[PDB]
Every structure is written in C-alpha cells, then in structure tokens.
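# Coordinates in review
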Amino acid sequence: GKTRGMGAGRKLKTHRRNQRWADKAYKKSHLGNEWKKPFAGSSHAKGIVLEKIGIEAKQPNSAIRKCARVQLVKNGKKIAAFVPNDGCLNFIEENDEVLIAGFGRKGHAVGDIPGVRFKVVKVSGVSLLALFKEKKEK
Amino acid sequence: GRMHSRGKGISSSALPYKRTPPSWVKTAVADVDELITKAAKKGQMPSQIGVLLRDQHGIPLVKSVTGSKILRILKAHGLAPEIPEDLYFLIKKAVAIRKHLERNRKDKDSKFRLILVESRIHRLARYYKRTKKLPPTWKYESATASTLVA
Amino acid sequence: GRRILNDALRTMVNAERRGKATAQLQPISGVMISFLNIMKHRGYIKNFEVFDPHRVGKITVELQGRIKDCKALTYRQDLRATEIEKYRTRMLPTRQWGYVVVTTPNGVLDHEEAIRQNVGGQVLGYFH
RNA sequence: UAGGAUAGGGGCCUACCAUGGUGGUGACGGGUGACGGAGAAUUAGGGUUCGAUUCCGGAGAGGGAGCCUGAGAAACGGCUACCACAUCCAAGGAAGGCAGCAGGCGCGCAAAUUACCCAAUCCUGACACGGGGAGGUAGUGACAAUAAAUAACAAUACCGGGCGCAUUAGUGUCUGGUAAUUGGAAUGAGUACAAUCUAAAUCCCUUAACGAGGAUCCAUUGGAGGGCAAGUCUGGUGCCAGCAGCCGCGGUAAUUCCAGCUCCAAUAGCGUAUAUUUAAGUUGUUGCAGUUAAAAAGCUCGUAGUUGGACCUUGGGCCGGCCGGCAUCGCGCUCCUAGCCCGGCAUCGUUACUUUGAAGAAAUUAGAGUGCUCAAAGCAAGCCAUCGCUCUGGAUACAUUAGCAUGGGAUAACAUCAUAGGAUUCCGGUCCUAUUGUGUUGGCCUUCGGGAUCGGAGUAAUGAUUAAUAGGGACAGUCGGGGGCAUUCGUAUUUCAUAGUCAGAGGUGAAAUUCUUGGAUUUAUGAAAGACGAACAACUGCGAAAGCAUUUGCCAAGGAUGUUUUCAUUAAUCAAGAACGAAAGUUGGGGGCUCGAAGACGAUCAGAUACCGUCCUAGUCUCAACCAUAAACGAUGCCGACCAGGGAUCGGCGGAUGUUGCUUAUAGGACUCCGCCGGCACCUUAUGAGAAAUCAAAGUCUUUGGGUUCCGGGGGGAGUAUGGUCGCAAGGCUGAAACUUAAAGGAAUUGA
RNA sequence: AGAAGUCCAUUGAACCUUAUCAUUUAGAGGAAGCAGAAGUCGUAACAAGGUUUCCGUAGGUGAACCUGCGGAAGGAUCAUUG
RNA sequence: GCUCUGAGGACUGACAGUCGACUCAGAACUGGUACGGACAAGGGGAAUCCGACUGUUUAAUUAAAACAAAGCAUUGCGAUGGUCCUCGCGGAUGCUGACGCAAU
RNA sequence: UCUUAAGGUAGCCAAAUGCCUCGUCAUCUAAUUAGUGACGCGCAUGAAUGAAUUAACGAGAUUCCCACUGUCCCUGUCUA
Ligand SMILES: [Mg+2]
Ligand SMILES: [Mg+2]
Ligand SMILES: [Mg+2]
Ligand SMILES: [Mg+2]
Ligand SMILES: [Mg+2]
Ligand SMILES: [Mg+2]
Ligand SMILES: [Mg+2]
Ligand SMILES: [Mg+2]
Ligand SMILES: [Mg+2]
Ligand SMILES: [Mg+2]
Ligand SMILES: [Mg+2]
Ligand SMILES: [Mg+2]
Ligand SMILES: [Mg+2]
Ligand SMILES: [Mg+2]
Ligand SMILES: [Mg+2]
Ligand SMILES: [Mg+2]
Ligand SMILES: [Mg+2]
Ligand SMILES: [Mg+2]
Ligand SMILES: [Mg+2]
Ligand SMILES: [Mg+2]
Ligand SMILES: [Mg+2]
Ligand SMILES: [Mg+2]
Ligand SMILES: [Mg+2]
Ligand SMILES: [Mg+2]
Ligand SMILES: [Mg+2]
Ligand SMILES: [Mg+2]
Ligand SMILES: [Mg+2]
Ligand SMILES: [Mg+2]
Ligand SMILES: [Mg+2]
Ligand SMILES: [Mg+2]
Ligand SMILES: [Mg+2]
Ligand SMILES: [Mg+2]
Ligand SMILES: [Mg+2]
Ligand SMILES: [Mg+2]
Ligand SMILES: [Mg+2]
Ligand SMILES: [Mg+2]
Ligand SMILES: [Mg+2]
Ligand SMILES: [Mg+2]
Ligand SMILES: [Mg+2]
Ligand SMILES: [Mg+2]
Ligand SMILES: [Mg+2]
Ligand SMILES: [Mg+2]
Ligand SMILES: [Mg+2]
Ligand SMILES: [Mg+2]
Ligand SMILES: [Mg+2]
Ligand SMILES: [Mg+2]
Ligand SMILES: [Mg+2]
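So, here is what we can say about the structure in this document.

## Side note on a positive patch on the surface
Positive charge collects at one region of the surface, where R19, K63, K69, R72, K75 and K133 of chain B lie side by side. Within the element layout of this structure, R72 of chain B appears in helix α4 (residues 70–76).

Encoded structure:
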C-alpha cells in the first residue's frame, strides 16, 4: 500500500514528482514540445496561404472538406487549415494573409477532417464571419 | 517468522508464573554459584550450564534461585566467554559451512546458506558493537576466523 | 512487528461487528488502558479486566454493543487546539456525537476535553 | 600562519605549509518561453497553476571592460577603449546610446497622445518665489469592474380560465396577449442659457427653454437531434454543399446543411482560439489502484531510508466558589524576587510535539464603523441655534516554515550505572590568590574563604524491569524425492554377435520414401554404449524461487515440534550492492543410445517451404566457463492482528484402553480415539468484499490511516529510436518522442 | 609645482587558432510507424477455428507462420473407489 | 647567461660537530625576443584495398597483397603398424607410441 | 511450365573480381575516366578455392586536407 510513516515526507514527495510524468496532460504541458509545435505556444498565428486544396473525409462520412495549405510568417511552418463556412473557400485566394487558430480539441484532429488542427478566422484583414454575413466586404 | 526462512514456528519455553523458586529448591545460592563457576571453568557456555543444572542438579531457573542470570554470575566471576554465545556459534557454523564448501564447489545450496549465516553474523555483530560487548574494532575476517573457535 | 492500539481497536471492531460479548487483547499499554478509560468514561464500553500477571500483559473488555467504530491514526499527527476543528468534521460522523482521542501533556484525553483545557497534542485515534 | 589590499571581516590576493571541501538528505552538471517576494486565479478541506507589471529588494541601460569628481557611482539623460549599429562632414575631422515621456520602423495574435500642468503628493536647489514627462489632468481605451435605460398606466375590444346564480347562463378578475388598437401622463438619451467643476478648460453633479407613437430615441450574440433550454414547422440541396467540441446529419419526405416564421439561453453583452483552475477520488498525504480491466520485481540476502513490543507515581485525599495551594514515605541550597522560624531560588542530558507571549511593512484578503443616493468603492464623516465649534474615527484579524521567549512531559527519537572512575555532612595533606587587624599604596606569613589535587573512615534498601503467542543461539528425538561427492541396481532402446525360420516387415485412415531370400520382421542367449529411473506416485513431502523421485556411504545445512536453557530488542521491509535462477542459447573438452530445430526426401493439397511418415546435423547427457530471461503462475510482494465451521492429510509432541503374524515380558513399531502447534490444501455459508467471475482471505474501505518495498495513469507508436551499461554473441537491464486514434479492454446475460 | 613621453605591474575589453558543448538544418541510400482506397497472395487467430492456445529461447519460410526444448491453462479435463 | 633561495643525505658524541657528489623546483637581473643557437633529432590528419601481428624470400632488375605463422579442420596408424629411404642386407620418424608420429 | 545431382544460401560489389563502362545517384573540386558511400538480372561475386567485417602493425597499393617547400611559374647565384 502507501507509505504512511510520519517521516516519509521525502519518499512521498519524490514519488509524486516521479509519477506525475505518466500523466499525459502534465507531460504534454511541461515536456517543452509545445514550443516545437507550429504555433509554439500561441493562440492564433497570421500566415500566408499557399493554395486552396480540399481534402477527403473519413470512412463513415464522404465529402471534400475545403482546406488550404498555409505558411506561417513567424517560423516558416507549412500546415493545413480548414475554412469553416458554407462555400466560404471562394473568399480565400492564393497567397492571401489569413489568421489561423486552433480548430478545437486543443491541438488534436477534429471530427471527420483527417489530420487537420487549424481553422481560418480572418483573411486580408477582414472578419470571415462578416464575409459570410455580408457585413463588410474585403 | 524466522528471519531467514518463511517458517513460522512458535515452539518455545513458557516460563512459570511464580518468579519465586518452588519449595523443594533448597540448595544455597553460594553453592549454585560455585556450580556455575565450576562448569564454566570446565568450559561450558551459559546454555550448557543452564541445561546441566535443569537436568542433573534440579535448578529450575538460576534467576529464580539466585536473582542473577547465568551470564551475570559469569561476568561477576570473570569467567564470561570473550565472544558472546550466539555470535560464537554463528561463527562456528560459518566455519563448518565454509570448510565444507571449499571442497564442494558445486554446492550452490551451501553457498546460499553461507550467505545467510554470514548475514546473520554481521547483523548480530553490529548489535554487539553498539552495546559494547565486543571491541569497537572487532571485524569478522572470513580468512582467520577458524582460529577464534573450535 | 507490532504497533498496538491498532491491534486492540481492530480486534474490538471485529468483535463488536460480529456481536461478541467480550473481546480480549494480547498486548496492553498504559496508553491502551487510558484509551479504554476514555471509552468507558464516555460510556461506550463497560468495565474490563487487565490481566497483568508477568509479561507485556493481556486485557479483556466486555462490549455493550453501543460502540460502532473505533480506530487508531498510526501516523500519529501533530495537532493544535485551533485546528482539531477540521479533524472533527473530517473523521467524526457529525458535530453532535463521536470523539477524537488526542494524547496531550495532560495525558490521554478526547477533543472536547481538549477544547476546555486548551491543550493540543498527537492523535491516538477515535471512536464513534 | 604572516602579510598585502579594502572602510572593514575574508583565499579577496600573495609566500609557505597541510590534504582537504561537496555528494543517493541529489553535489557537480543541464533545462527553464525562470528576476525574488508581498501576492493573482481557482478553491468544502487539502491543494493546482501563475506572479513582466505601479509596494519592497536585486540587476541592466546595445555587448563587454576600465576610471575621474563626489559622502554617496564601477553612474551610462558621466567619461575612456574595443566590438556591433549609425549620424554630420567643406573628406581633415566630429557627435553618439528612448529597457525615461511621447512618437516612428520592425517583430508579431497582441498593446493609446509626438497633448496640458506644476494646482494637488512629494522631491530637489543657495531656496516661502525656480525646477520637476516624478506625479496629476485631459484625448484613444467593451483589458477588467459598478450602477443601470430600451417603456408605464388606464378603460375599449374577437376574445381567454374561475370568482356574483352557476344552471341555462354568460362576460369577469388579476388583466394574460394578437391588438401599428384609443388616450392623456413619466422621463432620460440627446440638444442646450447659465452656473458649478478645473492650474485653464473637459466630464460628472444641478438646472431656463427644447427633447417619444412605437415604423421609432428600432439589442444583440449564439442556438433549436442527444448532452442541452428550445420545431416528429415550411421551402431549397441531394453522401453534394456543408454541419458537427463528442455521438452523429446529409445516398429526393434532412427534427442536424442553406433559408423564412416561431422559439430558446444570456442580455449591452455573447461566441471563437490558446493557456490554466474546477470536473479530477483521471496524481489520490486527507484520497486511487496492482488475481482477471495498466500495473507484485523470478527469488532471496542486503546498506542507507521508513517503521519499530511491554515496563518508570502524581496512586488517595483536603481546601475554595476549570484551577490555585496543600499534605502524604518533597537531594540541599547561601544570592534578586525572599512570611503576618516561614510559600514560590540560580548553574551541573538533548530534541520534537504542544500552550502562551513578543516581534511581526504597508497595499492584497478576511473583518469592525461609516446612506460615496445604492454598488464597485473610499477612509471618511456625523450632530450643533446644523451663527465665529463640538464629538471624532481613521478598528481588529490572519501571517504556514525558520528564529526568540514562558508553562507541560502524554506521545516519539537520540545519548546512556554496572568495571561503579557512583551519591553522600564531614573530617587535613599537597598549593594558591587578601578583604576586614596593611587608617597611605602595599607586597609572601598563623585559625580563615575558595578553585584544583588528595588519601581513610561514614552512611544508604548501596546500585543491573520483565523475559513478547518478537527475534538469535544452544540442546533432544525426529522428518524431508532439500544440497554436494562417490556408489549399487533396473528393465527398456540401439548396435553387435551366436543359433533357428522363411517372404515379407515398418507406417498410416490409406499410402509411399525405408529394410528384405547378400535372410529383413520375428524368437532365444549374451556383450557394449549412453540415456531414463515406470508401476508405487497422491488435491502428498522438501526447497528462498528455479527445482528435487533407484541403492548405500560420507559431508555439511534446514523447517517444525519439545524445552522451568541462554542473549535481551538484537527486529520488519528494504534505493545502491550481492547470491542462486527451468528450457533454449554460447566457448571448449568427454559422450554420441533415444529423440530431434535446420536440412533431405515420400505423401496431401491448388500450393504444402506445414500438420503426416523415413533419414538426420546442432542439440538432448556430463564437465570447466558464460547468459539472466519464461503464462519464472497463486497472473495474488513481505512481516503482523482480528474475524467461521468441519472433516481429511503431512511432521512433532501430549493423553487415552485395545489388538498386533513383533516384543525373554512390558515399553516401544503398526493401527483406533481425543488435543495441541506448524505445514499443503479442500468442502459449506454470507453476516462481508467485489464490475462480477469469484474470494475465508482478494474481509476487517467514503464508518476511508499497522509498517514497508516495487509498480500503473486510455489504445497504439514500443520495450521501438537514441544515449548509457553489462555480455564472446544472442541479447539483458535502463528507455523517450513525433504522429495517430474514440475507443481498446474486463466480467457476466441472451441469441447465432 | 608641473605636461608630453616612457618603465613596470594590475584589471582587462577585442580579435585570432584549436578543442568542445548545446540548438536547429542538408543528405544519395536503408528502413520503421500511421492514415487512405472499391487492390494482389494466402488462412495465421476467435468453435476442438479444423494441427488446442500462449510464454521463453533457437533455426527456417513470400506472408501470415512452422518446428525443436522447457513452462502455463488465460483448456477441450476441477473426476478412477466405477 | 648570471646572481641567488628552497628540498632531498652520510659519519661521530627531535640537539651539537665533521663531510657531501649530485639531482628537483622557485625568484631577480640581463641580451638587438636569442636560447634542444653547432651537432643530434617524429611532419600531422581523414579514409579505402590487402595481409591479423613479429618473421622469411627471388645473392646480381621484382621485399609484396607472396611464403611462414599460431588458430581451425581433415586423413592414415595400436608395432605382425602409418609415412618414407634403400640395388641389397638394412634403415629415418623412434632415446618414439595417439595430449604421438605422419599427410594435407 | 521445361529442366537439374543441386539450381548461388548468409552475405558482398563496377571490390585487386563488371565486358557494356568514363555504369546511375550523392559527396569531394571552378572543372574529376580518379577517391569514397550507396544502387545490383552480377560478361564471369560467394562461403575453410574459406564469405563478411576487423582495433593494432606495414620500406604494401590508392584518394583528399593542413604545414612545408625552386617540383612549378622562372630562373638566378654561391662553394668543392
Ligand atoms: Mg488528463
Ligand atoms: Mg468515427
Ligand atoms: Mg508468529
Ligand atoms: Mg528481511
Ligand atoms: Mg589575514
Ligand atoms: Mg529570464
Ligand atoms: Mg522595483
Ligand atoms: Mg546602474
Ligand atoms: Mg555603466
Ligand atoms: Mg536615456
Ligand atoms: Mg518610449
Ligand atoms: Mg439569430
Ligand atoms: Mg445555425
Ligand atoms: Mg434552422
Ligand atoms: Mg430539450
Ligand atoms: Mg462548434
Ligand atoms: Mg446541433
Ligand atoms: Mg483510477
Ligand atoms: Mg495484466
Ligand atoms: Mg511472485
Ligand atoms: Mg537497515
Ligand atoms: Mg533373423
Ligand atoms: Mg512423500
Ligand atoms: Mg523406481
Ligand atoms: Mg519479465
Ligand atoms: Mg508476474
Ligand atoms: Mg499426526
Ligand atoms: Mg497509456
Ligand atoms: Mg470477456
Ligand atoms: Mg485457422
Ligand atoms: Mg490452430
Ligand atoms: Mg481455444
Ligand atoms: Mg521447418
Ligand atoms: Mg522438418
Ligand atoms: Mg476460456
Ligand atoms: Mg605481413
Ligand atoms: Mg633480386
Ligand atoms: Mg630490391
Ligand atoms: Mg617401420
Ligand atoms: Mg543472393
Ligand atoms: Mg558487381
Ligand atoms: Mg586528384
Ligand atoms: Mg565504390
Ligand atoms: Mg559465379
Ligand atoms: Mg562460382
Ligand atoms: Mg561449402
Ligand atoms: Mg573462387
């Protein structure tokens, strides 16, 4: 069982330090690889799109989720990012200036889109919800 | 449980309630003390002394008849063994085992038992070093240990 | 090894939970009998024998079925008389009954006694 | 040690000498997207994460280095030099340092005015006057926080439920609303005379006149399948577009997409992303789990570490209404606190724990008072005839750990009266300093006072707890397929020999490869070789585990039992370290029967690199030396206690009369009965436990705490890469990440 | 008194060469893991999965896998007094 | 180069006297930064092929990767024998005997 | 499917073994028929004809880098 001697404070503290590492959340949060991800501990990241691509959807579904290959101005990563509205992809055009944010699930692929972790939230300095809602055209 | 086996025996000697000696024990403490020293200088350890009295001379417990333990009479008369009872006998058993093993090199069981016996020797010897019943330098050298005993 | 005042209380819980009339205890202690004095003072067990012929000792208590649980907190705590207040809630069933027995420089005594004499100490255990 | 230097201690530095200092209680090293703290967010408790930032401390002024002045600087809104950067040059030269305020570029997801002012708070100077991008005021400011509008009230109405009878009606009460219906009231958003505010303006607070018909003085954000509150609405799309945190929706009747109506939750706010807290008893000290779901090391030894059996007077009283003081069978006190001979006095074991006290920076937090109109706040302000002043407050708490101080001695560690070198009033021997008889300074001396030393007499209860259903050791009769060395035996298998016989034998479901009239198979006798030790042989023993079954001898060892023997806590578990550890496998001898990986064949089959049959190498066996793993299993660590019943059985012991194909008779051996321990197990039952299967130990668990070691945190990637280390090699031990995934998995039920 | 200069110490930037640490990054070729699809070859596993399964070790084979030696039941047997 | 300082010993009667050839460190000064001043006396590194190394070899053109080597394996042989010499008688291995001789 | 007694196994390579050949790719260089490292349907690699590696050693063969230099640009002079 546990060690419960009145003098075992050293053993218990060392043991918790040692055993918190098996916890996935602690390991992910302190291992330092979050600074080796594309955003590197950032919420959003402005990037330049290379091309509107479009990608397959997973087994139970069947569709073409319209994403884009974007380059990060900050550290040069090239990644894939979704465009979250109906027919919204048209607003995006090659080599435009977009803001890329996490797509949910905290850096983990979401839903039926295969291996994509990112969403477009701005383009050419105009709100993309506003583009969808004709509030302001770029 | 036995400290070097998973045996769990509880066989032992259960001491009688009355600390005072029984009626029929009427030999005097001085004569019992002379019996102690006679057999001690004849060369027997406290275990043999107690057994001898309990068998031939009808002395139930020497503490009961005298108020002082065998070793204490022997320590007061300066006949006490230089190396304690149980450390002596653990050393003698280690000498026997090692002498057998030096000729029987394939005896892995005897090698294990020797590991255990020397472990017991060293645990007990640390106790005797802490209670100052052994010299503060007495170290169990496996080489020249057979001179010490037997 | 033995660390009694647990070997006594767990025997008492087992005897009570089985409904036995008397339970006997193989080692004793001044601390053990001072704990049983707290139980008997607060009216949870009735009178008892302390067999002290010659050895560690032996005890026989008669259970009245009025006890419900009794334990030892080996890993005996430090305990101020300002902060029993969150041991009584942490261990005892409620704020009306149940007693936490803490050894203090005035001998073994329960936590309500410790409030009024305003002396703290080490947890020996509890019963409720 | 001596010095030099510093304002000063100091290896700060020098000369000489010594060989030391730190470390598994983590040094040194590395990371830190790390200034420290007061503190911030969240919080049942405990915690987890953060803290660049206006308060304190430190450090820097592009990077280093060096100095002047000065009380104060290694200053950068001071200098010198180098390096990086850059400005002016009339081409020799010269000036540099916004991480000060504002502002410009760049970097970025990310951050405002090149404003006014010395009036307040204070600083500064030679100083009541100057100065102050400290600091305040104003502009941008949905960072965060506070109060809080977007209507209210009336009768009319198709109406809509009782209530006045309640039938049979009909209209009735709060008005519920679709009413742009009708109606006069209320006001601030806004505009604005003015005043007030202000250093001057501005805002706020007041307030001339203006300022509401419901289209406006228009509220949005997101959502309407489940979670999760709100459409089995309507149109469009048709596995597309798309939605969807997850489960899922969409394949022509979409409650899930795109639209409209309706509605819902929040509401001047809400959605989104990341990080973090809660959820999370999914990090568990409180408070998890390890038989089977992830997890007991193969097993034992073992140092540190952690944990440690029982035993020592406050035992009974008075006394006054939780405690003072008392006495009893209280080692003494000379001195301060020291009674109207006497309470409650020094030095002559440590700690922890615990009580109380002090000191504890404010701000923050808790918390007292206080009508800023409330509230966030703030520290004010309230009452006189609210007429030449009264009463004022500006509390208090917390502050873990370390340090200081007082009371206790229960609990827990350390050290230790048995060699008495012990305690004890005294007696004088060694030698000593000097005060009052040295009125002055005094300096050695006789009883004196005192260290130190010192011998002998003296007294006292003269001084050592028990001996654990803890352990070690001894001893007695045993027991065991426990271990090592040697040694006897057994049939069988093969080979071979001698003799006999004649067509087959071997193998299979059936075959063939194979052997065979050079006589196979079979039978008998015998010899060699090496292996194996049947039956007996078991819910049986021994062993730390692996493992150990022919005989006798020898050698050491061992558990249990028995014990009126001894030691007296010596113990339990154990990072580091160490011993043994099946089979395979490796190096090299010996042996080479059987069997047999690889390999070669014959069958089968579609294939047959397999199952099947023949031959067979290594190997199987032994020795010397390695290896270190097994579903190494009880998938159940080790020591301890309690709890439920029974019969078996293994070993030891104790007690029974009652028969032995024994015994010169008995005892003893076998057997029957009863009881103890210690084993290996089993059968029944929950009153227990568990997800159950099941378990008398996996129980004594949310009524959660005996001690201790190892070890798990969804599934993969993977016991993989890399690094280390051991090994001849095979490999062993130690051992990630990226990425991917929504299940994988355990137990039981029904069906197939 | 007193400057340039100069001497010797001391602090010592800064550059240079090597060594080395750490963080990223290139690499022909080799070889892992994953995801996808409406592929090819088999039938290894789950029933006695058609040769019971599996663990350790060794050798082999296109692939699953096969076999040898030892072990386990998580077995298809809790069972010989019949 | 020169001037020094320090440490390391012997014999005789923790000290004193007598003697001592050397080695090892440290310092100050000095020179046209020259100093192992003549002589003597390794160039270093990254790799590939071959042979393990040491050794031997075509005297008078080839010094090597060739030959040998230990290590590994194989074969014959138990004396009336194996390999071999000899014209014959006889002889070598053998002053030997399988942990040996002999042939690869 | 024919055929063999068996069909080149473990490895290894334009290797001192590869004709085509100056093989293809990468590296080295300004430039490489050379060197190394890989690729292998290999005229004609391969297991005691021993195969693959292999630290140390080599008056062994080959390639490159640093120092060095009258080898060279490019010759000059001195001495016996
Ligand atoms: Mg988690
Ligand atoms: Mg799915
Ligand atoms: Mg026991
Ligand atoms: Mg142990
Ligand atoms: Mg000094
Ligand atoms: Mg930092
Ligand atoms: Mg500051
Ligand atoms: Mg500064
Ligand atoms: Mg400076
Ligand atoms: Mg400045
Ligand atoms: Mg600025
Ligand atoms: Mg909406
Ligand atoms: Mg929607
Ligand atoms: Mg909708
Ligand atoms: Mg609902
Ligand atoms: Mg969403
Ligand atoms: Mg939805
Ligand atoms: Mg869990
Ligand atoms: Mg498991
Ligand atoms: Mg085990
Ligand atoms: Mg220990
Ligand atoms: Mg025959
Ligand atoms: Mg048996
Ligand atoms: Mg037999
Ligand atoms: Mg394992
Ligand atoms: Mg296991
Ligand atoms: Mg019996
Ligand atoms: Mg996991
Ligand atoms: Mg299952
Ligand atoms: Mg199958
Ligand atoms: Mg099968
Ligand atoms: Mg099966
Ligand atoms: Mg095979
Ligand atoms: Mg085969
Ligand atoms: Mg099963
Ligand atoms: Mg050579
Ligand atoms: Mg020649
Ligand atoms: Mg030559
Ligand atoms: Mg001959
Ligand atoms: Mg090949
Ligand atoms: Mg080739
Ligand atoms: Mg070249
Ligand atoms: Mg090549
Ligand atoms: Mg060939
Ligand atoms: Mg060939
Ligand atoms: Mg061959
Ligand atoms: Mg050849």
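## With respect to the protein's contact with RNA strand D
What surrounds RNA strand D is a group of 156 residues, the closest being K2, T3 and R4 of chain A, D107 of chain B together with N14 of chain C. Backbone sugar and phosphate groups make up 74% of those atoms of RNA strand D lying within 4 Å of the protein. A14 of chain B is positioned with one of its backbone polar atoms (N or O) 2.9 Å from a phosphate oxygen of RNA strand D. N6 of chain C places a polar side-chain atom, nitrogen or oxygen, 3.0 Å from a sugar or linking oxygen of RNA strand D. The element best represented in the surface near RNA strand D is helix α6 (residues 108–130) of chain B, accounting for 12 residues. Split into classes, the residues belonging to the surface near RNA strand D amount to 43 nonpolar, 50 polar and 63 charged.

## Brief notes about the sheet that holds strand β3 (residues 58–62) of chain C
Residue and element names in this part refer to chain C. In space, the three strands of this open sheet follow the order β1-β3-β2, with antiparallel pairing throughout. Each edge of the open sheet is held by one strand with a lone partner, namely β1 (22–25) and β2 (48–51). Going across the sheet, the axis of each strand differs from the next one's by a mean of 10°, ignoring polarity. In this sheet, β3 lies alongside β2 in antiparallel orientation, the contact comprising four bridges. Looking across to β3, one finds that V50 is bridged to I59.

Conventions used here
- Residues numbered from 1 in each chain as written, not as in the entry; some residues may be left out.
- Chains lettered and ligands numbered in written order.
- Part of a larger assembly, values for the part shown.
- Heavy atoms only, no water.
- Patch = residues over 30% accessible without salt bridge, like charges linked within 9 Å, V, L, I, M, F, W, Y side chains within 5 Å.
- Areas by Shrake-Rupley, 256 points an atom, 1.4 Å probe, with all protein chains shown as cover.
- Salt bridge = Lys/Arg side-chain N within 4 Å of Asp/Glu carboxyl O.
- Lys, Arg positive; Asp, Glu negative; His and termini not counted.
- Charge placed at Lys NZ, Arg CZ, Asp CG, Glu CD.
- Helix = DSSP H or I, 4+ residues; strand = E, 2+ residues; numbered from the N terminus.
- Near = heavy atom within 4 Å.
- Polar contact = N/O pair within 3.5 Å; in protein donor to acceptor, adjacent residues only side chain to side chain.
- Nonpolar A, V, L, I, M, F, W, Y, C, P; charged D, E, K, R; others polar.
- Pairing = 2+ DSSP bridges.
- Axes fitted to C-alpha atoms, helices over the stretch in contact; angles between N-to-C directions.

Geometry only, nothing functional implied.
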